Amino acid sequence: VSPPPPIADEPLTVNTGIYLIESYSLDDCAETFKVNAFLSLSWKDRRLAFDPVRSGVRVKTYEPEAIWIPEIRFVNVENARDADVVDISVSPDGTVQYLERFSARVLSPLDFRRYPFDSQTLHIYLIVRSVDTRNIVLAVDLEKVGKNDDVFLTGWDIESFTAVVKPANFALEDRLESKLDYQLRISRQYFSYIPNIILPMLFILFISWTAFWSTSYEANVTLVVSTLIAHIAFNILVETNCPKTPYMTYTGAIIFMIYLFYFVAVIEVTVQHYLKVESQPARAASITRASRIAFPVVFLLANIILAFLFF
């Protein structure tokens, strides 16, 4: 089999559609997600045309091997998609209706800057390479683009599944490629992060601030250091959940800034003790009394500034 010939010099229009059946495995570290969907292809092959009155059959059904099917591939897949042809139907005028069910691991980058209050636009790129005989061009049949209502992605809210109707036609290795952009819009469900990471992290910090109502250096040292470790435990836990970035993330900024607070609290605790030993507890008392107000305020204002910069 060879491609359908052009009537006039026109490129072949392959109408495409992706219908999500399942979405799963959004790997933050790998910046990948798995998808199970219908891929619909539609193109006119005049060689396949027939008479409905005399043939008595409105639609003719073919096996993939029997006819010419355009070689459609995904740009951003890890391995080539696992596909199973559902149906091939030919209308009397020779319009072909291809339908396959596929599953693929899609590689699409994520912006972690606003984590865990981030939204993402996942991409699925369809592509066709033009043949020497004729040029192939992709189009979106919006009728055949959608998703099942039950499509869920654990820890995410699925906003929309749409296609950018205008293909990106360009030359690659002295031939035309026609690229389509399917978009899955999702927003992270930040709920869990509040009682699991954010609040426990704030409690340990506040516990270290009780050192401002204590004169016991040994006690204070213990408070600050111990709380500090725990901060370390949470900080590390996050790095694991997260992917390394060449930029700062929201949570990353909060976590880093909290380290400075522990460092300064240690300084205060050290200073207060030094003065007490040097028999000048009145200076020490002033610093400790200032610290009781300053820390919460600065910590609080600093957070405000950060949230402003990030949102």
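Just count from 1 along the sequence shown to find any residue number.
Higher mean CA B-factor, judged across 115-123 and 88-96 from the recorded values: 88-96. Higher mean CA temperature factor, per the PDB entry, when comparing 300-308 with 4-12: 4-12. The PDB entry gives the largest Cα B-factor of the residues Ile69, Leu39, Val269, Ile255 to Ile69. Among the modelled residues of its chain, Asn135 has a C-alpha B-factor that falls in the highest third, as given in the PDB entry. Remark: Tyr62 belongs to the highest third of its chain, ranked by C-alpha B-factor as recorded.
Compared with the other modelled residues of the chain, the Cα B-factor recorded for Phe33 ranks in the lowest third. The PDB entry assigns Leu110 a C-alpha temperature factor belonging to the lowest third of its chain's modelled residues. The PDB entry assigns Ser55 a C-alpha temperature factor belonging to the highest third of its chain's modelled residues.
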